[PDB]
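Just so it is clear, the values below take in all heavy atoms, side chains as well, and ignore hydrogens, waters and symmetry mates. Residues take their numbers from the sequence shown, with the count starting at 1. Both ligands and their constituent atoms are indexed starting at 1 by order of listing.
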Amino acid sequence: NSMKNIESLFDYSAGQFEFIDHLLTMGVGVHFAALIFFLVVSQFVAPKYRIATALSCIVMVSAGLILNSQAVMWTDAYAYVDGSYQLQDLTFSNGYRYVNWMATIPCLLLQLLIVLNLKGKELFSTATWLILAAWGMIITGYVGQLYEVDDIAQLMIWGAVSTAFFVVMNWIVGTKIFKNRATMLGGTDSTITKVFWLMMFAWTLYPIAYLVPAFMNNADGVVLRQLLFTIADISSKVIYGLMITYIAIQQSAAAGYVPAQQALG
Ligand SMILES: CCCCCCCC/C=C\CCCCCCCC(=O)OC[C@H](O)CO
Ligand SMILES: CCCCCCCC/C=C\CCCCCCCC(=O)OC[C@H](O)CO
Ligand SMILES: *C\C=C(C)/C=C/C=C(C)/C=C/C1=C(C)CCCC1(C)C
Ligand SMILES: CCCCCCCC/C=C\CCCCCCCC(=O)O
Ligand SMILES: CCCCCCCC/C=C\CCCCCCCC(=O)O
Ligand SMILES: CCCCCCCC/C=C\CCCCCCCC(=O)O
Ligand SMILES: [Cl-]
């Protein structure tokens, strides 16, 4: 997993290396700061939607820990020798991000179905096919990135299969959204449409980072990839969670829940 990724192939100047480390540690503070927000505001959510904010708290920490682990692993592996940071130990890899995706993605999707006001049979059903679709996407994508150094052909083929799941996944998401927004309260039938387009954008940065080894196989591609993941993380997890929370609170007010009615006031 360490020799299979392109990061183990290049030396990095002090600028490139300190910039990556600063990206990873910044994502930590952003997520753990967001955690405190999602934690505090969960009281302003009616019980019907409160799980939606608790799932954001889980994502914030699941991502913050992996990011924090990525930073420490980033430093342990490289040592400044003769004007450039050089690989010293095989401990860094992007594979740990994919494991973070197996957990955060089901949490990001489940809280979307909760603000849409699904329940019972359809919730457990729609939730089962989206996760198995996301898992199939994450796994096929994990196998392909194991060849981002040896077999680029395999990366493409596995990337194609992973994209097949991605398309099917979003098709189910969009279908459920536009077939259930009329049920949403407080005027959130418009906000949920915006969250969807936020989804379609942020989630599409990952496959672009997945392909950086194919069109920019250099140290500046390693920096571009992490910069892409950083933009994607902050949008698919933080901003996405803020919109989900705003929707959760808004409907809580419309339903007559006072802590949300006084919070928005
Ligand atoms: C040889 C390797 C095997 C190739 C196979 C891997 C490719 C999978 C892609 C599409 C089919 C799977 C998706 C089919 C989804 C049908 C179920 C569904 O979508 O229903 C959900 C519903 O909208 C909510 O209740
Ligand atoms: C490896 C490449 C394989 C080929 C893949 C490339 C082709 C992509 C085509 C469509 C994307 C669909 C994205 C999902 C967009 C949301 C669709 C939706 O919301 O559902 C329709 C709705 O019911 C209407 O009102
Ligand atoms: C941290 C949050 C999320 C939603 C991570 C999401 C990742 C993806 C949607 C990755 C998608 C890929 C596809 C479409 C095909 C190439 C390989 C990937 C797994 C990177
Ligand atoms: C309520 C407080 C909100 C902010 C959360 C706490 C802020 C923590 C700040 C930095 C993250 C700590 C982990 C980064 C490690 C830095 C050293 C390294 O490069 O590995
Ligand atoms: C591969 C694993 C498939 C998982 C299937 C989906 C499981 C989702 C089950 C529900 C978890 C969230 C429960 C929150 C519901 C809130 C509504 C209520 O309070 O009754
Ligand atoms: C660690 C928990 C794993 C959970 C797996 C359950 C989800 C399975 C979904 C579809 C898997 C499709 C990927 C094909 C596997 C072959 C790739 C390989 O050889 O490693
Ligand atoms: Cl991530």
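Of the protein's non-hydrogen atoms, the one nearest atom 8 (C) of ligand 6 is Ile139 CD1, 3.9 Å. Looking only at heavy atoms of the protein, atom 4 (C) of ligand 5 is closest to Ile131 CD1, 3.8 Å. Looking from atom 20 (C) of ligand 3 to the surrounding protein, the closest heavy atom is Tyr210 CB, 3.7 Å. Nearest to atom 9 (C) of ligand 5 among the protein's heavy atoms is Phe124 CD1, 4.8 Å. Closest to atom 1 (C) of ligand 3 among all protein heavy atoms lies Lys237 NZ, 1.3 Å. Considering only non-hydrogen protein atoms, atom 9 (C) of ligand 3 sits nearest to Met137 CE, 3.5 Å. Of all protein heavy atoms, the one lying nearest to atom 3 (C) of ligand 6 is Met102 CE, 4.2 Å. Shortest contact from atom 13 (C) of ligand 3 to any protein heavy atom: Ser162 OG, 3.2 Å.
There is no protein heavy atom less than 4.0 angstrom from atom 14 (C) of ligand 6. Of the protein's heavy atoms, none falls inside 4.0 Å of atom 18 (C) of ligand 5. Remark: atom 11 (C) of ligand 5 lies closer than 4.0 Å to at least one protein heavy atom. For atom 6 (C) of ligand 6, a protein heavy-atom neighbour is found at a distance under 4.0 Å.
Close approach of ligand 3 to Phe166 (heavy-atom distance below 4.0 Å) involves ligand atoms 9 (C), 14 (C). Ligand 6 places these atoms under 4.0 Å from at least one heavy atom of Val143: 17 (C), 18 (C), 20 (O). Each of the following atoms of ligand 3 lies closer than 4.0 Å to a heavy atom of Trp203: 4 (C), 9 (C). Remark: ligand 5 atoms within the under-4.0 Å shell around heavy atoms of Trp135 are 1 (C). Below 4.0 Å from some heavy atom of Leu110 lie the following atoms of ligand 5, by number and element: 11 (C), 12 (C). The distance from ligand 5 to the heavy atoms of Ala127 drops below 4.0 Å at these ligand atoms: 6 (C).
The shell of residues lying under 4.0 angstrom from ligand 3, judged by heavy atoms, excludes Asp233.
Two rings, from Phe165 and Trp135, have their centers 6.0 Å or more apart. Less than 6.0 angstrom separates the ring centroid of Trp74 from the ring centroid of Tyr12.
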Subject >> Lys176 and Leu130: CA distance, side-chain angles, deciding distance, side-chain contact (heavy atoms from CB on, under 4.5 Å) verdict >> reply: CA-CA 11 Å; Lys176 297 299 182 181; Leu130 272 162; 6.0 Å; no
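At a 4.0 Å heavy-atom cut-off, ligand 6 touches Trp158 through the side chain alone.
Judged purely by distance below 3.5 Å, without hydrogens or angles, the side chains of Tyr49 and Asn117 pair a donor atom with an acceptor atom. Side-chain atoms of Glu7 and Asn94 include a donor-acceptor pair closer than 3.5 Å. In summary, the side chains of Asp76 and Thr91 do not present any donor paired with an acceptor at a separation below 3.5 Å, with no hydrogens or angles considered. Side-chain polar atoms of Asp21 and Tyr85 form no donor-acceptor pair below 3.5 angstrom.
Contact check on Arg225 versus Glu148 returns a salt bridge, with a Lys/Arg side-chain nitrogen under 4.0 Å from an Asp/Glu carboxylate oxygen. Note on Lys4 versus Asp151: no salt bridge recorded, every NZ/NE/NH1/NH2 to OD/OE distance being 4.0 Å or above.
In this pair, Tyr142 and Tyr98 present their aromatic rings perpendicular. The plane angle is above 60°, beyond the 30 to 60° band.
If you check each of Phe165, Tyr206, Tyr98 against atom 5 (C) of ligand 3, the one with the closest non-hydrogen atom is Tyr206.
With hydrogens and angles disregarded, no donor-acceptor distance shorter than 3.5 Å links the side chain of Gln154 to the backbone of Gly144.
Annotation for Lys194: atom NZ counts as buried by contact number, over 12 foreign heavy atoms lying within 6.0 Å.
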